[PDB]
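See below for model_21.cif, which holds mmCIF, C-alpha atoms.
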data_final
loop_
_atom_site.label_atom_id
_atom_site.label_comp_id
_atom_site.auth_asym_id
_atom_site.auth_seq_id
_atom_site.Cartn_x
_atom_site.Cartn_y
_atom_site.Cartn_z
CA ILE A 521 0.00 0.00 0.00
CA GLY A 522 1.18 3.57 -0.69
CA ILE A 523 0.02 5.91 2.13
CA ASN A 524 -3.12 7.93 1.24
CA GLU A 525 -2.15 11.60 0.62
CA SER A 526 -5.16 12.95 2.66
CA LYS A 527 -4.24 11.07 5.95
CA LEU A 528 -2.89 12.80 9.08
CA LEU A 529 0.55 11.63 10.35
CA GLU A 530 -1.00 11.21 13.87
CA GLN A 531 -3.63 8.77 12.48
CA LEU A 532 -0.94 6.87 10.50
CA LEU A 533 1.35 6.57 13.58
CA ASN A 534 -1.47 5.30 15.87
CA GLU A 535 -2.64 2.86 13.09
CA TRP A 536 0.96 1.53 12.74
CA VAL A 537 1.48 1.29 16.56
CA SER A 538 -1.74 -0.81 16.88
CA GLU A 539 -0.61 -3.12 14.02
CA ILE A 540 2.95 -3.49 15.47
CA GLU A 541 1.42 -4.62 18.84
CA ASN A 542 -0.93 -7.06 17.01
CA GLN A 543 2.14 -8.38 15.08
CA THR A 544 4.17 -8.46 18.38
CA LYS A 545 1.47 -10.71 20.01
CA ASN A 546 1.17 -13.09 17.03
CA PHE A 547 5.01 -13.35 16.70
CA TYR A 548 5.24 -14.65 20.33
CA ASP A 549 2.24 -17.06 20.00
CA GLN A 550 3.52 -18.40 16.60
CA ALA A 551 7.09 -18.75 17.99
CA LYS A 552 5.67 -20.50 21.13
CA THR A 553 3.75 -22.85 18.76
CA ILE A 554 7.04 -23.58 16.86
CA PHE A 555 8.69 -24.29 20.30
CA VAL A 556 5.97 -26.91 21.13
CA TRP A 557 6.63 -28.56 17.72
CA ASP A 558 10.41 -28.69 18.57
CA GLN A 559 9.69 -30.77 21.70
CA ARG A 560 7.11 -33.03 19.94
CA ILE A 561 9.61 -33.66 17.06
CA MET A 562 12.55 -34.20 19.53
CA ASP A 563 10.53 -36.67 21.71
CA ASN A 564 9.26 -38.58 18.60
CA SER A 565 12.93 -38.62 17.37
CA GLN A 566 14.05 -40.01 20.79
CA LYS A 567 11.15 -42.58 20.56
CA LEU A 568 12.38 -43.75 17.09
CA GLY A 569 16.05 -43.92 18.30
CA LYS A 570 15.14 -46.04 21.40
CA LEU A 571 13.21 -48.44 19.07
CA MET A 572 16.32 -48.70 16.78
CA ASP A 573 18.40 -49.74 19.87
CA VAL A 574 15.83 -52.64 20.06
CA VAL A 575 16.00 -53.55 16.29
CA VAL A 576 19.63 -54.52 17.17
CA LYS A 577 18.07 -56.96 19.75
CA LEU A 578 15.61 -58.48 17.18
CA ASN A 579 18.69 -59.17 14.97
CA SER A 580 20.21 -61.02 18.01
CA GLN A 581 17.03 -63.16 18.43
CA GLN A 582 17.19 -64.15 14.70
CA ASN A 583 20.80 -65.39 15.25
CA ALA A 584 19.66 -67.38 18.36
CA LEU A 585 16.70 -68.85 16.36
CA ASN A 586 19.00 -69.73 13.40
CA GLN A 587 21.37 -71.53 15.85
CA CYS A 588 18.46 -73.61 17.31
CA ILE A 589 17.39 -74.53 13.71
CA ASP A 590 21.00 -75.56 12.77
CA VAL A 591 21.36 -77.70 15.95
CA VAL A 592 17.94 -79.50 15.63
CA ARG A 593 18.66 -80.18 11.89
CA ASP A 594 21.98 -81.97 12.64
CA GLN A 595 20.79 -83.66 15.89
CA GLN A 596 18.14 -85.23 13.54
CA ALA A 597 20.84 -85.88 10.84
CA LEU A 598 23.04 -87.60 13.52
CA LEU A 599 20.08 -89.68 14.87
CA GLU A 600 19.29 -91.03 11.33
CA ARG A 601 23.07 -91.70 10.90
CA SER A 602 23.36 -93.62 14.22
CA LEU A 603 20.07 -95.53 13.52
CA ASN A 604 21.51 -96.62 10.10
CA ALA A 605 24.76 -97.57 11.96
CA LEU A 606 22.76 -99.75 14.47
CA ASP A 607 20.26 -101.22 11.92
CA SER A 608 23.13 -102.47 9.65
CA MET B 195 2.35 -13.96 9.70
CA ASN B 196 -0.90 -14.89 7.83
CA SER B 197 1.06 -17.72 6.02
CA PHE B 198 1.69 -19.81 9.19
CA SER B 199 0.75 -23.52 8.68
CA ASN B 200 -0.32 -25.80 11.52
CA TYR B 201 1.55 -29.19 11.65
CA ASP B 202 0.05 -30.99 14.72
CA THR B 203 -1.72 -33.52 12.40
CA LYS B 204 1.67 -34.70 10.93
CA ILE B 205 3.15 -34.76 14.47
CA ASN B 206 0.14 -36.87 15.71
CA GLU B 207 0.49 -39.21 12.66
CA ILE B 208 4.25 -39.77 13.36
CA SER B 209 3.52 -40.35 17.11
CA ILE B 210 0.81 -42.95 16.25
CA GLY B 211 3.19 -44.60 13.70
CA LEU B 212 5.83 -44.86 16.48
CA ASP B 213 3.20 -46.56 18.77
CA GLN B 214 2.26 -49.01 15.93
CA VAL B 215 6.00 -49.84 15.46
CA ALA B 216 6.31 -50.40 19.26
CA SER B 217 3.20 -52.70 19.29
CA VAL B 218 4.59 -54.77 16.34
CA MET B 219 8.06 -54.85 18.03
CA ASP B 220 6.76 -56.46 21.29
CA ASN B 221 4.66 -58.99 19.26
CA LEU B 222 7.92 -59.80 17.35
CA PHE B 223 9.72 -60.66 20.66
CA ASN B 224 6.88 -63.02 21.72
CA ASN B 225 6.85 -64.61 18.20
CA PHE B 226 10.68 -65.03 18.47
CA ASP B 227 10.63 -66.99 21.78
CA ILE B 228 7.51 -69.08 20.80
CA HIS B 229 9.78 -70.46 18.00
CA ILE B 230 13.02 -70.58 20.11
CA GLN B 231 11.34 -72.62 22.95
CA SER B 232 9.62 -74.88 20.31
CA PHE B 233 13.04 -75.71 18.72
CA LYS B 234 14.64 -76.23 22.23
CA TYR B 235 11.93 -78.88 22.94
CA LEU B 236 12.82 -80.60 19.61
CA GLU B 237 16.49 -80.79 20.82
CA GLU B 238 15.69 -82.34 24.29
CA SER B 239 13.29 -84.74 22.46
CA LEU B 240 16.30 -85.97 20.32
CA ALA B 241 18.93 -85.89 23.10
CA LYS B 242 17.61 -89.08 24.85
CA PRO B 243 17.12 -91.43 21.77
CA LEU C 244 -5.73 0.46 -4.31
CA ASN C 245 -5.41 -1.78 -1.19
CA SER C 246 -6.12 -5.23 -2.75
CA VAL C 247 -3.77 -4.74 -5.78
CA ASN C 248 -1.11 -3.52 -3.30
CA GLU C 249 -1.37 -6.71 -1.14
CA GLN C 250 -1.03 -9.14 -4.12
CA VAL C 251 1.91 -6.92 -5.30
CA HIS C 252 3.47 -7.53 -1.82
CA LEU C 253 2.71 -11.32 -1.45
CA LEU C 254 4.37 -11.75 -4.89
CA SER C 255 7.48 -9.84 -3.48
CA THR C 256 8.27 -11.91 -0.33
CA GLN C 257 8.04 -14.95 -2.73
CA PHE C 258 5.79 -16.44 -0.02
CA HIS C 259 4.01 -19.72 -0.84
CA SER C 260 1.14 -19.52 1.68
CA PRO C 261 0.76 -23.18 2.91
CA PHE C 262 -2.89 -22.44 3.39
CA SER C 263 -3.12 -21.61 -0.34
CA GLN C 264 -5.48 -18.65 -0.86
CA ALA C 265 -8.98 -20.02 -1.62
CA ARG C 266 -9.90 -20.27 -5.33
CA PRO C 267 -11.21 -18.06 -6.84
CA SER C 268 -9.95 -15.25 -4.55
CA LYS C 269 -12.55 -13.19 -2.61
CA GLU C 270 -11.78 -10.09 -4.74
CA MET C 271 -12.80 -12.13 -7.88
CA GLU C 272 -16.10 -13.05 -6.07
CA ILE C 273 -16.48 -9.26 -5.51
CA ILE C 274 -15.50 -8.40 -9.15
CA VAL C 275 -18.30 -10.68 -10.49
CA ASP C 276 -20.83 -9.05 -8.08
CA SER C 277 -19.51 -5.63 -9.29
CA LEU C 278 -20.53 -6.76 -12.83
CA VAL C 279 -24.04 -7.78 -11.50
CA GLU C 280 -24.55 -4.35 -9.88
CA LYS C 281 -23.68 -2.59 -13.22
CA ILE C 282 -25.96 -5.03 -15.14
CA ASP C 283 -28.92 -4.30 -12.80
CA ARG C 284 -28.14 -0.50 -12.97
CA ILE C 285 -28.52 -0.91 -16.79
CA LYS C 286 -31.85 -2.89 -16.34
CA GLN C 287 -33.20 -0.18 -13.97
CA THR C 288 -32.08 2.51 -16.51
CA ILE C 289 -33.84 0.73 -19.46
CA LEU C 290 -37.04 0.51 -17.32
CA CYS C 291 -36.78 4.31 -16.59
CA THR D 246 22.52 -7.27 24.35
CA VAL D 247 24.59 -8.93 27.15
CA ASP D 248 21.44 -9.05 29.37
CA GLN D 249 19.37 -10.75 26.57
CA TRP D 250 22.16 -13.40 26.13
CA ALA D 251 22.49 -14.05 29.89
CA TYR D 252 18.73 -14.88 29.76
CA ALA D 253 19.26 -17.14 26.67
CA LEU D 254 21.91 -19.14 28.63
CA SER D 255 19.91 -19.22 31.96
CA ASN D 256 16.69 -20.66 30.34
CA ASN D 257 18.36 -23.33 28.10
CA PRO D 258 16.69 -26.71 29.04
CA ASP D 259 19.96 -28.68 28.51
CA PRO D 260 23.26 -26.69 28.10
CA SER D 261 25.05 -30.08 27.45
CA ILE D 262 23.53 -30.57 23.93
CA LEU D 263 21.40 -27.47 23.02
CA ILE D 264 22.63 -24.10 21.62
CA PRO D 265 20.38 -20.99 22.19
CA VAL D 266 19.30 -19.25 18.92
CA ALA D 267 17.51 -15.90 18.55
CA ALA D 268 14.63 -15.24 16.13
CA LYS D 269 13.72 -11.55 15.42
CA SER D 270 11.22 -11.67 12.51
CA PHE D 271 8.63 -13.96 10.90
CA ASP D 272 11.40 -14.64 8.28
CA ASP D 273 13.52 -16.18 11.13
CA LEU D 274 10.42 -18.10 12.40
CA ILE D 275 9.76 -19.62 8.92
CA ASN D 276 13.51 -20.22 8.28
CA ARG D 277 12.96 -22.63 11.26
CA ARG D 278 9.32 -23.78 10.48
CA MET D 279 10.44 -25.12 7.05
CA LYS D 280 13.15 -27.16 8.92
CA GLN D 281 10.45 -28.64 11.18
CA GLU D 282 8.66 -29.81 7.96
CA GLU D 283 12.06 -31.06 6.57
CA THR D 284 12.53 -33.00 9.87
CA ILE D 285 8.86 -34.26 9.91
CA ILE D 286 9.25 -35.72 6.36
CA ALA D 287 12.55 -37.44 7.32
CA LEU D 288 11.10 -38.68 10.68
CA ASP D 289 8.00 -40.21 8.99
CA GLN D 290 10.15 -41.87 6.24
CA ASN D 291 12.37 -43.63 8.85
CA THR D 292 9.19 -44.57 10.87
CA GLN D 293 7.45 -46.07 7.76
CA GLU D 294 10.66 -48.00 6.82
#
For this file, produce the structure as structure tokens.
Amino acid sequence: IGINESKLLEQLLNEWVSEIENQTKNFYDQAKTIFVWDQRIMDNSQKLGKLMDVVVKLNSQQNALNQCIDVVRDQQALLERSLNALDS
Amino acid sequence: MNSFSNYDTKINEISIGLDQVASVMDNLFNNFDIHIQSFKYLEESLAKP
Amino acid sequence: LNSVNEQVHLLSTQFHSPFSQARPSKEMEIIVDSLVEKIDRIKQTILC
Amino acid sequence: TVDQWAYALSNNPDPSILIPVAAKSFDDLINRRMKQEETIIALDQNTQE
């Protein structure tokens, strides 16, 4: 907007003071809203990280499960082998 | 100032996603030991014969 | 004078409003009603 | 000022890991708001994966 040529400088100053205090309020409430989003993003980021420290534990359980599967397979493959060696 | 988006929907959606991932993760630990104890029983069942 | 000067300013901060301004803009709503009021001023002139 | 910075250090919720940063216009606010959306998109994508 270009300032209207008929306006008094007193009116223009009081108009601009009112708007700068409106803008001052909304700056602090918008910045406070951004600050709440910082914490919510940081706590969700900490939540994801603490779950990733537990994905490392699921990978450990798969290695334990794979070891049980390997052992039962060859306990069975030794039992057939010893049965054939008794049967004969 | 008039161009300020809200984002609390996206920050709810990510929170809920991180509770779904936690719920699946604890099911995954139960499903792991249900198998691991089942295979341990198959070993003790062979160990005697 | 005001409404042209705000769109001149929005297109100077390069500001993509994330709430995109509703379509059509409220000054286009008002421009079409400004055509109606001229049209009905012509009707009421014909009838006089 | 020195007084404004003494306040920025005395109200920091963890001085071990957080640096205090001033914002002084809506340009500074949105130069941080766009980085919350940048972080939200990255935080969802690692949650979905």
**Request:** Can you turn the PyMOL selection byres ((chain B and resi 218-228) around 12) into a concrete residue list for this file, as an MDAnalysis selection string?
**Result:** (chainID A and resid 568 570:586 588) or (chainID B and resid 211:217 229:235)
Please write the residues picked by the PyMOL selection byres ((chain B) within 12 of (chain D)) on this file as a short mmCIF file (atom, residue, chain, number, x, y, z; two decimals) with C-alpha atoms, in the frame of the given file.
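And here's out_9.cif as it stands now:
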data_model
loop_
_atom_site.label_atom_id
_atom_site.label_comp_id
_atom_site.auth_asym_id
_atom_site.auth_seq_id
_atom_site.Cartn_x
_atom_site.Cartn_y
_atom_site.Cartn_z
CA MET B 195 2.35 -13.96 9.70
CA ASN B 196 -0.90 -14.89 7.83
CA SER B 197 1.06 -17.72 6.02
CA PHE B 198 1.69 -19.81 9.19
CA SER B 199 0.75 -23.52 8.68
CA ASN B 200 -0.32 -25.80 11.52
CA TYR B 201 1.55 -29.19 11.65
CA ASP B 202 0.05 -30.99 14.72
CA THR B 203 -1.72 -33.52 12.40
CA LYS B 204 1.67 -34.70 10.93
CA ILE B 205 3.15 -34.76 14.47
CA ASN B 206 0.14 -36.87 15.71
CA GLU B 207 0.49 -39.21 12.66
CA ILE B 208 4.25 -39.77 13.36
CA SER B 209 3.52 -40.35 17.11
CA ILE B 210 0.81 -42.95 16.25
CA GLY B 211 3.19 -44.60 13.70
CA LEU B 212 5.83 -44.86 16.48
CA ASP B 213 3.20 -46.56 18.77
CA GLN B 214 2.26 -49.01 15.93
CA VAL B 215 6.00 -49.84 15.46
CA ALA B 216 6.31 -50.40 19.26
#
**Message:** Using the chain letters and numbers from this file, what does the PyMOL selection byres ((chain A and resi 522) around 9) select? Give the answer as a PyMOL selection string.
**Reply:** (chain A and resi 521+523-525) or (chain C and resi 244-245+248)
**Request:** Please indicate the distance in Å from CA of residue 263 in chain D to CA of residue 280 in chain D, rounded to one decimal place.
**Result:** 16.3 Å
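CA of residue 547 in chain A to CA of residue 260 in chain C spans 16.7 Å [interatomic distance, one decimal].
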**Request:** In Å, rounded to a single decimal, give me how far CA of residue 269 in chain D is from CA of residue 249 in chain D.
**Result:**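 These atoms are spaced 12.5 Å apart.
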**Request:** Output the contact residues of chain A with respect to chain D at a cut-off of 10 Å, based on only C-alpha atoms, as a VMD selection string.
**Result:** chain A and resid 543 to 544 546 to 547 550 to 551 554 to 555 557 to 558 561 to 562 564 to 565 568 571
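If you measure from each of A:532, A:592, A:603, A:598 to chain B using all atoms listed in the file, the closest one turns out to be A:592.
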Centre and edge lengths of an axis-aligned box around all listed atoms of range 263-279 of chain D, with 4 Å added on each side, are to be given in Å to one decimal, as lines of an AutoDock Vina configuration file.
center_x = 15.6
center_y = -19.5
center_z = 15.0
size_x = 22.0
size_y = 23.9
size_z = 24.0
**Prompt:** Once you count only C-alpha atoms, which residues of chain C turn out to be within 8 Å of chain B? Could you give them as a list in words?
**Reply:**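 Listing them in order of chain and number gives residues 258, 259, 260, 261 and 262 of chain C.
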**Asked** For chain C against chain A, which residues fall within 12 Å using all atoms listed in the file, given as a ChimeraX atom specification?
**Response** /C:244-253
**Message:** Just checking: using only C-alpha atoms, which residue out of A:607, A:535, A:541, A:563 ends up closest to chain B?
**Reply:** A:563
